[PDB]
There are 2 protein chains.
Amino acid sequence: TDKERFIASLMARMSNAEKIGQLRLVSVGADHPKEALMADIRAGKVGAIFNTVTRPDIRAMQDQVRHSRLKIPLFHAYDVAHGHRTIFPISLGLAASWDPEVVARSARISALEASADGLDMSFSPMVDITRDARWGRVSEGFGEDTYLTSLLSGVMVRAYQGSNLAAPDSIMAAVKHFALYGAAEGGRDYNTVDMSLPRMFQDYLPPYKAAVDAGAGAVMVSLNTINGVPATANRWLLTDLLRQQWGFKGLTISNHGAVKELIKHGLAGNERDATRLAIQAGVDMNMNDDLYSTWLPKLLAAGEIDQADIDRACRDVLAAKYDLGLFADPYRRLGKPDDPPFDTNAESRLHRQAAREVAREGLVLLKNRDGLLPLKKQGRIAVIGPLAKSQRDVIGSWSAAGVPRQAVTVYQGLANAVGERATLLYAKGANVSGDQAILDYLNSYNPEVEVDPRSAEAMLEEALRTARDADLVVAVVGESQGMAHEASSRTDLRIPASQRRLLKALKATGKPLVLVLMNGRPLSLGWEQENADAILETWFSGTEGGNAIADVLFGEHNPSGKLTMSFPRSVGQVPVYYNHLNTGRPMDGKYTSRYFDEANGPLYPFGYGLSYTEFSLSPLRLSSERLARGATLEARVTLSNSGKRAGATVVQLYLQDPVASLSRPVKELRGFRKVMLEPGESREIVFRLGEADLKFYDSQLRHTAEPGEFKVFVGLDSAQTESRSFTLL
Amino acid sequence: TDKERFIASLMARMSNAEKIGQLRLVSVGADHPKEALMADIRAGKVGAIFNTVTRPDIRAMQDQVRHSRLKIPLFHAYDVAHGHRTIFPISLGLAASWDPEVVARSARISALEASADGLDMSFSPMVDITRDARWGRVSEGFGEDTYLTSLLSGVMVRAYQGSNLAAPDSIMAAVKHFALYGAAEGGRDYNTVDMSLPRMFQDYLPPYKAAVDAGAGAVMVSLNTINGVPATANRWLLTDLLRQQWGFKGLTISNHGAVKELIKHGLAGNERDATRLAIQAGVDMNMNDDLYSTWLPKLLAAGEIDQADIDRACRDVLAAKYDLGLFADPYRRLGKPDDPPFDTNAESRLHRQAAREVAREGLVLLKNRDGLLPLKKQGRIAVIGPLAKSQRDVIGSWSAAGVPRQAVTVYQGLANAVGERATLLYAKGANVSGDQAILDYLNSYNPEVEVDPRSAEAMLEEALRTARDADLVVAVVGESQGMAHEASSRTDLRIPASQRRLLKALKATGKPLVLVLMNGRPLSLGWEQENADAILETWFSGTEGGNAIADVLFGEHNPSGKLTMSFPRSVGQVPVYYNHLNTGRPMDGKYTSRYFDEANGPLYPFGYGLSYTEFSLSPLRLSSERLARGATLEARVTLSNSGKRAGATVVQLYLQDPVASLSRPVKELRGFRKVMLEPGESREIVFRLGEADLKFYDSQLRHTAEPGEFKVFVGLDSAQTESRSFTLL
Ligand SMILES: OC[C@H]1O[C@@H](O[C@@H]2[C@@H](O)[C@H](O[C@@H]3[C@@H](O)[C@H](O)O[C@H](CO)[C@H]3O)O[C@H](CO)[C@H]2O)[C@H](O)[C@@H](O)[C@@H]1O
Ligand SMILES: OC[C@H]1O[C@@H](O[C@@H]2[C@@H](O)[C@H](O)O[C@H](CO)[C@H]2O)[C@H](O)[C@@H](O)[C@@H]1O
Ligand SMILES: [Mg+2]
Ligand SMILES: [Mg+2]
C-alpha cells in the first residue's frame with residue numbers, strides 16, 4: 001500500500017511521453033552518442049542504462065536526472081555473469097562444485113563489486129538447460145540437469161538480491177534467457193526451438209520458475225522462436241505462464257534488438273507492428289533499438305494499443321526503481337559526494353582469496369593413471385601449449401569488467417607454486433588453431449588470440465626439445481574463450497587439430513603427459529582418455545585460475561569437482577544426456593538404439609569425477625517399503641574415505657518411475673550431498689523423499705505422482721549406482 | 001452395406017477365441033515352427049502371415065483354412081519396399097526422379113510380381129519425413145520435403161491398390177511408420193521423438209494422411225515415443241487423429257514385438273497391461289509376440305477391456321480380407337489347381353526393362369568439371385573400388401525377394417556398354433571398411449561384404465599401377481547397403497576411411513577421376529567436391545543399376561535426377577534442411593545463426609542436380625498482383641534448352657509467407673514440373689496456386705490462409721531462384 005501510494009501518485013503526474021521514456025533501456029555507443037544520451041536523460045526520455053560500469057560515469061548520468069521535470073532516477077545494468085572485476089570460473093565450472101554455498105559466494109562477491117561501482121542490476125543468472133555441446137553459450141549455464149540448474153538458479157538470485165533490494169551491496173537479478181534458448185536446433189545460436197509442452201514444463205521451464213519464486217526482480221526475454229512464436233512476441237509465455245500462472249510481479253526486458261528482429265522472424269512486416277506485438281505479449285522494457293519511443297504514441301492514438309499496455313510496462317519500471325531504493329536515494333550505490341576518487345581497477349578492490357577458493361572446487365579430475373597426480377614440487381616440468389600463458393582465456397567468455405593483466409595464467413600459477421624447488425621450461429608448442437579462417441573469426445573484433453608467426457613444424461620441434469629436457473609434460477590445451485562465446489557454435493567437439501598434432505608428438509617422446517584442459521563446453525576426448533597419463537578439466541577458472549589449478553596439481557586441494565554435462569564421444573552422438581528415455585530397445589546387440597561406427601554412451605557421464613583418494617558407499621536402505629500420501633521416506637547410505645588423503649566427493653540420489661502414463665527417464669537427479677572426509681572417516685547420509693519428488697507432467701500437463709513402484713539410486717556418478725524400490729500408495 | 005451385412009453376420013457367428021485368432025499376424029521361424037503354425041491355422045488361431053513369399057508355400061498355408069469351423073482365409077504380407085524380385089532404386093533414389101509416373105511404375109511392377117507369387121499386402125510405402133542423415137532408414141523414404149513425400153505417398157498407394165483391391169494384380173498398402181519415426185533424437189533408431197503439435201501437423205503427418213485419403217487399406221504403427229507416449233499405446237494418434245479426425249476405416253498393424261516393448265518404454269509393468277494399452281489405443285493386429293492370444297480373454301473376463309475392443313479389431317481384419325476378395329475366392333492370387341508349376345526365380349518373370357528405365361531417372365550428377373562426362377566408348381578405363389563388382393550392394397537394403405546374382409554391377413554395366421570399343425582395367429583398391437569392428441557388424445548374420453584378404457597397402461599399390469595404365473579412373477565407392485539399414489545409425493557421414501585413403505592416392509596420380517557413389521543416405525563430400533573431376537550419385541540403383549549407371553556415364557541418358565534431401569557439409573551441421581525458419585539473425589558476419597569452424601549451408605541443396613546440357617529460365621510472371629479468396633493464380637516461366645544435348649530438368653515452385661502469426665519457412669515446395677527438351681527447344685510452364693497451397697497450422701492448429709503478401713520462387717533448385725509477390729485479399 002505504501003509503495004502503491006508513491007507509485008500511483010507518480011504515474012498520475014506523468015504524460016505518455018514520460019511513461020514511454022521509462023521503457024527505454026540504452027547504452028553509450030554509435031547508436032546513442034554520450035552527449036545526445038545526456039540530453040535525452042535531461043528531457044525524461046531514458047529509463048535505464050546498460051554497459052556504463054564506473055562510479056564517475058554512472059554519477060555523471062545520474063546527475064542529468066535533476067534537469068528532468070519529474071527527476072525519475074535511472075537504474076544501471078551490466079552482464080555480471082561469473083564475476084564483475086574479480087572473475088570466478090564460468091558457470092559450467094561453478095556448477096561442477098556441486099555446492100550451492102560456493103556458487104552463492106561467487107554471486108555475493110559479484111554483486112558487492114558491481115554495486116561498489118554503482119550498478120543496480122545484472123543480466124544474470126543464465127539458467128538455460130543445455131543438452132547440445134555444439135552451442136557456444138553452454139559455458140554460461142550450469143549444464144544439462146533440471147534439478148541442479150533449478151537449485152543454483154534460486155541460489156544466484158537470493159545471493160545477488162540479499163534480504164533487501166535497496167541495500168547498497170545488493171543488485172537486482174534479471175534471469176535469462178526466458179525461454180528455451182539452449183535447445184536451438186543444430187546447436188546454432190538464435191536458431192529455432194521446437195518441443196512438446198510436457199518436455200518444456202518437465203525439463204526446461206523449472207529454472208526460470210525457481211528464479212521467479214526466489215524473488216527475481218527482472219526477466220530477460222530470449223531471441224528464439226518457441227514452437228514457431230518468438231519469445232519477444234509470445235503472449236502465451238510472457239503473460240499466461242509468467243504473470244497469470246507463476247505470478248511474476250517484476251520487470252520484463254527484451255534482448256538487444258529483439259523487438260525489431262520480429263520482422264526477420266516473419267511475425268511482422270514493419271517496426272510499428274513489431275512494437276505492437278512485443279508490448280501486448282508483455283515486454284515492458286526495450287533494449288537499444290528504440291521502437292517503443294518511435295511507435296507507441298502512434299499505436300495508442302490509432303487505438304492499436306490500450307493505455308493499460310503503456311501503464312503496465314511503466315509501473316514495472318517504477319516498481320523496480322522503488323525496490324532498488326533509487327527514489328529514497330538515487331546515489332545510494334555511488335557513495336557520498338566528497339568521498340575521495342579511486343582507481344576503479346585498484347588491486348585493493350579485488351577479492352582474490354574468494355576467487356581462488358571457488359576456482360579449486362570446480363576442477364574435475366577425469367583421468368590419473370598410476371597416481372601421477374598429485375605432482376611433487378621438484379625436478380624439471382615442461383609447460384607446453386597455446387593456453388599455458390593465456391590471461392585472456394583463463395577469465396573465459398562474459399568476463400564483465402575483468403582485466404586480463406590481473407589474471408593468473410596456468411604457467412604463472414605453476415611458477416608461484418614451485419619457486420626455486422623446481423624448474424619450469426616453456427614452449428607454446430602450437431597456436432590455438434592452425435586453420436586461418438578460424439583465427440580470422442577469433443581475431444575479427446579484438447586481438448583475443450596471440451598468433452605466433454613461426455611455422456607449425458618449428459613450434460613442434462621446439463616443444464619436443466623442451467619435453468626431452470624435462471621429467472614430465474604439463475600440456476595446457478583446449479579452446480580459446482572466443483570458441484565458446486555467443487554465435488560461436490561448433491561442428492567439431494575435439495581439441496583443435498593444431499593442438500592434437502602437438503599432443504601426439506608429445507606422446508611419442510615417452511614423457512609422462514598431464515593435460516590441463518581449458519574449454520567452455522564438453523569436448524570429445526577419446527584419444528586423450530586412451531593416451532594421456534592424467535587429465536584435469538579446468539573450464540575457464542577465472543582471475544585466480546592458475547593458482548587454483550597449481551593447488552590441485554600439487555595436491556594442496558584434492559580434486560572434488562564432478563561434471564554437470566555429459567561428455568560425448570563425438571559430435572555425431574549429439575545430443576547425449578543422462579536423463580534420456582529407455583526406448584523400446586535399449587542398448588545394454590544389433591537391433592537396439594545405437595550407432596554402429598563408434599562405442600556408445602558418453603565418454604564421461606553426468607556426475608563423473610575422480611579424487612586422489614578412494615570413497616566407498618554402504619548398501620542403500622529405505623526407511624520403509626511403502627509410502628502413504630502426505631508421508632516422507634528416508635534414503636540412508638554410509639560414505640567412507642577408504643584411502644590415504646582427505647577429500648570431498650558428491651553422493652548423488654537418482655529416481656526412476658518405471659511404469660507411468662508417459663515414458664519417464666531411466667533416471668533423474670533428485671538430491672545430492674557434497675561431503676569432505678578425513679582418511680578412515682564415515683558420514684551417514686540421509687535423503688528425504690516425498691510425493692513432491694515423484695511428480696511429472698502428463699500429456700495434458702497434469703502435475704501428478706501416480707501410485708506404484710519407484711526405484712531410488714545412490715552413487716558417486718550417474719552410471720556407477722545401486723537401486724532399491726518402494727511403492728507409493 | 002453388402003460388406004457390412006456379410007461381416008456383421010460372420011462376427012455374430014464367432015466366439016471370442018475365433019475373433020482374437022484373427023488378430024494374430026505371424027511368420028514361419030524359430031518362434032513359430034512350420035507344422036505347429038499349420039495346426040494353428042487349422043484350429044482358426046491365425047489371421048494373417050508375413051514373410052511367406054512363393055505360390056506353393058502360400059497355397060499350402062491357405063489349404064489349412066478348410067479345417068477351421070468358419071474357413072476364414074488368411075492374407076499374406078511382405079516388405080515390398082522398392083521391388084519384389086526385380087529390384088528398383090531405393091525410395092530416396094526413386095524420389096530423385098521428381099516424376100510421380102516413374103515412382104508409380106516401380107510400385108505397379110512390385111505389386112504385379114508380389115501378387116504373381118500370391119502376396120496380398122506390402123508393408124509399404126514408408127513415408128516418414130527425414131531431416132537427420134545419421135538415421136539408417138533414410139534410404140527407405142523420399143527425403144526431407146512434406147509436399148513431395150505427401151504426393152509420392154498417395155502415388156505409391158494408388159499404384160499398389162489399383163481401382164480394385166480384389167483384382168489379382170492389386171496388393172494392399174500398409175503405410176508406415178505411423179508416426180514421426182524419422183525424427184528420432186540423435187538419428188539413433190527407435191529413439192525418442194519430441195515435437196510441437198504445429199510442426200507435427202505442418203511437416204510430419206501430411207504423408208500418412210495422403211496415404212489414408214488415397215484409400216490405403218492398412219497402417220503400420222511405429223516403435224517410437226511421440227511426446228512421451230509410444231505410438232503402440234497412443235490413443236490420441238491411433239483413435240482421435242487416425243479414426244475420428246481422418247476417418248481411417250482400415251486395419252492397424254503393430255510393428256514386430258511392439259506391444260511387449262511397452263514394458264521397456266515404462267508404460268506397462270507386465271505383458272497383460274501392455275496388451276490392454278495396445279488394444280484400447282487402437283492396435284488391431286499384433287505382429288509375432290502373441291500377447292493378444294495370451295491375454296485378451298483374461299482382460300475381457302476381468303472387465304479391463306470391453307467386447308467392443310475385440311469386435312473393432314476383428315472387424316478391421318475381416319473388412320481387409322473382404323476388400324482383398326479373399327471371401328469371394330481365397331485362391332484369386334494363387335492360380336488354379338490345374339496350373340503348371342514354375343521356377344519362382346525364372347529370368348522370364350523379371351522386368352529388367354522397367355528397372356533399367358526407372359534406375360536412369362534417379363541418378364544425380366553432382367559435379368562434372370570441364371565436360372569430362374559423358375565418357376567416350378574408347379581408350380583405357382580404370383574401374384576401381386570395393387563397390388565396382390558388388391551385386392549385394394547395388395540392390396540396397398530392404399531388397400525383398402531380390403536375388404543378388406541376377407543384379408548388374410557397375411563393372412558389368414560398364415563392360416556391357418563398351419564391348420570391344422574400350423578396355424576396362426579392374427582393381428578393388430580397398431575394402432568397403434578398414435575398421436574390423438565395422439566389418440564384424442556388417443558380416444554378423446550373413447556374408448554381406450567380400451573382405452579381400454590382401455593388405456590395404458597391397459590393394460592401393462595395385463590400384464595405383466592400374467590408374468597409371470589408364471586414360472581415366474572410374475572409382476566406385478561409398479557405403480555397403482548394411483550401413484544404411486534398420487539400427488545402422490552413423491556418427492560419421494563421410495565415405496569410409498579405407499576408401500578415402502584410396503581416393504587420395506588416386507587423386508595424386510593426376511588422372512581424371514569420376515566418382516560413382518553408392519549410398520543410402522546423404523554423405524559428407526567436401527573433399528570429393530574439391531578434388532574429383534566428376535561425381536555421380538547412384539544411391540543403390542537396383543537389379544539393373546549397373547546398366548542404368550553406364551547409360552548415364554556414356555551419355556545414352558542425360559542425367560536428370562535432383563536431390564530430395566540436403567547434403568550436409570559434416571555430421572556436426574545436423575540437421576540441415578531447405579525449409580528452415582529465418583531466425584531473428586539470418587546469415588547473409590559473426591552475430592548470426594551459423595558455425596564458425598566450417599562453411600555454412602548444405603554442400604548440395606534440396607532440388608540440386610546437374611545436366612550434360614544447359615537450361616535457362618525467363619523471368620517469372622504472376623497472372624495477377626492480388627488474389628481473391630476462392631480464386632486461382634497462375635505462375636508462368638519459359639524453360640529453354642540452350643545447350644547441345646537433349647535432356648530433362650525439374651522446374652521447382654517455392655512459396656514464402658513472410659508475415660504470419662507463426663514464423664513460417666524461408667521457402668516451402670508447392671509444385672514442380674519435369675520437362676524433357678531437345679536442343680534449342682522451349683516450353684512455357686504454368687503453375688496453378690490456390691488458397692489450399694497457402695494455409696498453415698497456427699499455435700492452436702487453426703488451418704487457415706491469412707491475408708497478406710506471398711513470395712513465389714521458381715528455379716532449377718532450392719538455392720538458385722528468382723521471386724515475385726502477390727497479395728491474398
Ligand atoms: O516386415 C516386418 C517389419 O519388420 C520390422 O523390423 C523387424 C525388427 O523390428 C526385428 O527386431 C527383433 C525383435 O522385434 C524381436 O522380438 O527380437 C529380436 C532380437 O532377439 C529382434 O531382432 O527384426 C526383424 C528381422 O527379421 C525386422 O524385420 C521393420 O521395422 C518394419 O519396417 C517391417 O515392416
Ligand atoms: O548485454 C545485453 C545482452 O546482450 C546480448 O549480446 C549482444 C548481441 O545480442 C548484440 O547484437 O551484439 C552485442 C555485441 O556488441 C552483444 O552484446 C546477449 O545475448 C545477452 O545475454 C546480454 O544480456
Ligand atoms: Mg509409476
Ligand atoms: Mg502472411
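Sequence lines set the chain letters: A, B, ... in the order given, protein chains first and strands last, and positions in each chain run from 1. These numbers come from the heavy atoms of this one structure, side chains and all, not from hydrogens, waters or symmetry mates. Whatever order the structure lists ligands and atoms in, that order sets their numbers, starting from 1.
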Who's the nearest protein heavy-atom neighbour of [atom], and how far?
atom	value
atom 14 (O) of ligand 1	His256(B) ND1, 3.0 Å
atom 1 (O) of ligand 1	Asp79(B) OD2, 2.0 Å
atom 28 (O) of ligand 1	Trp398(B) CH2, 4.1 Å
atom 22 (O) of ligand 1	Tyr591(A) CD1, 3.3 Å
atom 17 (O) of ligand 2	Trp398(A) CH2, 4.5 Å
atom 27 (C) of ligand 1	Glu486(B) OE1, 4.0 Å
atom 8 (C) of ligand 2	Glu486(A) OE2, 3.5 Å
atom 15 (O) of ligand 2	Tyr591(B) CE1, 4.7 Å
atom 22 (C) of ligand 2	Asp79(A) OD1, 3.5 Å
atom 31 (C) of ligand 1	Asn255(B) OD1, 3.7 Å

Below 4.5 Å, heavy atoms only, C-beta onward: do [X] and [Y] meet side chain to side chain?
X	Y	answer
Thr232(A)	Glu261(A)	no
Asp290(B)	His32(B)	yes
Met156(A)	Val127(A)	no
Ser27(A)	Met287(A)	no
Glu709(B)	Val659(B)	no

Is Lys590(A) positioned over the aromatic face of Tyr445(B), cation under 6.0 angstrom from the ring centre and no more than 45 degrees off axis?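 Checked: cation-pi criterion not met.
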Can you list the atoms of ligand 2 that are under 4.0 Å from a heavy atom of [X]?
X	result
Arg137(A)	18 (C), 19 (O), 20 (C), 21 (O)
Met287(A)	2 (C)
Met220(A)	20 (C), 21 (O), 22 (C), 23 (O)
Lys176(A)	21 (O), 23 (O)

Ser122(B) and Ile171(B): which non-hydrogen atoms are nearest, and at how many Å?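 Closest approach of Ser122(B) to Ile171(B), heavy atoms only: CB-CD1, 3.6 Å.
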For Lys176(B) and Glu140(B), work out which heavy atoms get closest and say how close.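 Scanning both residues, the minimum pair turns out to be CE-OE1, 4.2 Å.
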What part of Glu140(A), side chain from CB on, backbone N/CA/C/O, both or neither, has a heavy atom under 4.0 Å from ligand 2?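 Contact part for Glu140(A) vs ligand 2: neither.
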Under 4.0 Å from ligand 2, counting heavy atoms only, is it the side chain of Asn255(A), its backbone, both or neither?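 For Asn255(A), the contact with ligand 2 is made by the side chain alone.
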How about [atom]: does it have a protein heavy atom within less than 4.0 Å?
atom	result
atom 11 (O) of ligand 1	yes
atom 13 (C) of ligand 2	no
atom 34 (O) of ligand 1	yes
atom 24 (C) of ligand 1	no
atom 19 (C) of ligand 1	no

When only distance counts, is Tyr190(A) in polar contact with ligand 2, meaning an N/O pair under 3.5 Å?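 N/O-N/O distance below 3.5 Å does not exist for this pair.
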Under 4.0 angstrom from ligand 1, any heavy atom of [X]?
X	result
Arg137(B)	yes
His177(B)	yes
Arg585(A)	yes

Is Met126(A) close enough to touch ligand 2? Criterion: a residue heavy atom under 4.0 Å from a ligand atom.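 So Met126(A) does not count as touching ligand 2.
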I'd like to know if the side chain of [X] reaches the main chain of [Y], judged simply by a donor and an acceptor atom lying under 3.5 Å from each other, with no hydrogens or angles considered.
X	Y	answer
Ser139(A)	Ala484(A)	yes
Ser222(A)	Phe178(A)	yes
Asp189(B)	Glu486(B)	no
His82(A)	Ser397(A)	yes
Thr252(A)	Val219(A)	no
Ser124(A)	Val80(A)	yes

Does the plane of the ring in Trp135(A) sit parallel, tilted or perpendicular to the ring in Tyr181(A)? Use 30° and 60° as the thresholds.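 Rings of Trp135(A) and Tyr181(A): perpendicular, as their planes differ by over 60°.
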Indicate yes or no: does an N/O atom of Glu140(B) lie under 3.5 Å from an N/O atom of ligand 1?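 No; every N/O pair is 3.5 Å or more apart.
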Polar-atom distance check: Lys176(B) versus ligand 1, any N or O pair below 3.5 Å?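 Looking only at distances, the answer is yes, because the N/O contact criterion of under 3.5 Å is met.
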I'd like to know if the Mg ion (ligand 4) has an N/O/S atom from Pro707(B) within less than 2.8 Å of it, counting both backbone and side-chain atoms.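 So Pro707(B) does not bind the Mg ion (ligand 4) by this criterion.
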Is it true that some N/O/S atom of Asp657(B), main chain or side chain, lies under 2.8 Å from the Mg ion (ligand 4)?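 An N, O or S atom of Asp657(B) is closer than 2.8 Å to the Mg ion (ligand 4), so yes.
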Residue selection (non-hydrogen contact nearest atom 9 (O) of ligand 2) among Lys590(B), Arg585(B), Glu261(A), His485(A):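 Among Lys590(B), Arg585(B), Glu261(A), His485(A), the closest heavy atom to atom 9 (O) of ligand 2 belongs to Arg585(B).
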Nearest 0.5 Å, what's the CG-OH distance between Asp117(B) and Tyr78(B)?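 That separation rounds to 10.0 Å.
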If we count only N and O atoms by modelled type, under 3.5 Å, do the side chains of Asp31(A) and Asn288(A) hold a donor and an acceptor together?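 Short answer, yes.
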Do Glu706(B) and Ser661(B) have side-chain N/O donor and acceptor atoms under 3.5 Å apart?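 Side chains of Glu706(B) and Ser661(B): pair found under 3.5 Å.
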Distance filter under 4.0 Å to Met220(B) heavy atoms, resulting ligand 1 atoms: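 Under 4.0 Å from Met220(B), ligand 1 has these atoms: 34 (O).
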